[PDB]
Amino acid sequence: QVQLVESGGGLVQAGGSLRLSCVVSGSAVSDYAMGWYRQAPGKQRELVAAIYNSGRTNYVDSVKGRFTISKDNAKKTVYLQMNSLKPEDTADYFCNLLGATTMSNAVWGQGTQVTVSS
């Protein structure tokens, strides 16, 4: 069984910042591209940022210049620095192998909660 353990959420005012982290067992982080996803209540999970083994990063338009994804292969950890937080960023955040949303039966962690207040 794969364990995905997410941390770093919080309640912040608009404009604040958080750093998420996800530790994943097995070889996913060290060997494959990883994504950070978010799910607002009653909505489906959506990819927000991706980190490839090359070091390339890709961000959805709404987070470009605010969020930064990275992964430490040795520590099997993926990070998401979240700056300049906006109310639209409120959601539960999850990390996974890139493409996991295409699999009906993908295992997800519990995620970490991010709330951006006024």
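Throughout, we count residues from 1 along the sequence that is shown.
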query: Which of 24-32 and 77-85 has higher mean CA B factor, as the PDB entry lists it; finding: 24-32
query: Residue stretch of maximal mean CA temperature factor, 109-117 vs 1-9; finding: 1-9
query: B-factor third for the C-alpha atom of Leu97 within its chain; finding: middle
query: For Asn53, the third of its chain into which the C-alpha B factor falls; finding: highest
query: Among modelled residues of the same chain, the CA temperature factor third for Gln44; finding: highest
query: Chain-relative CA temperature factor third for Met103; finding: highest
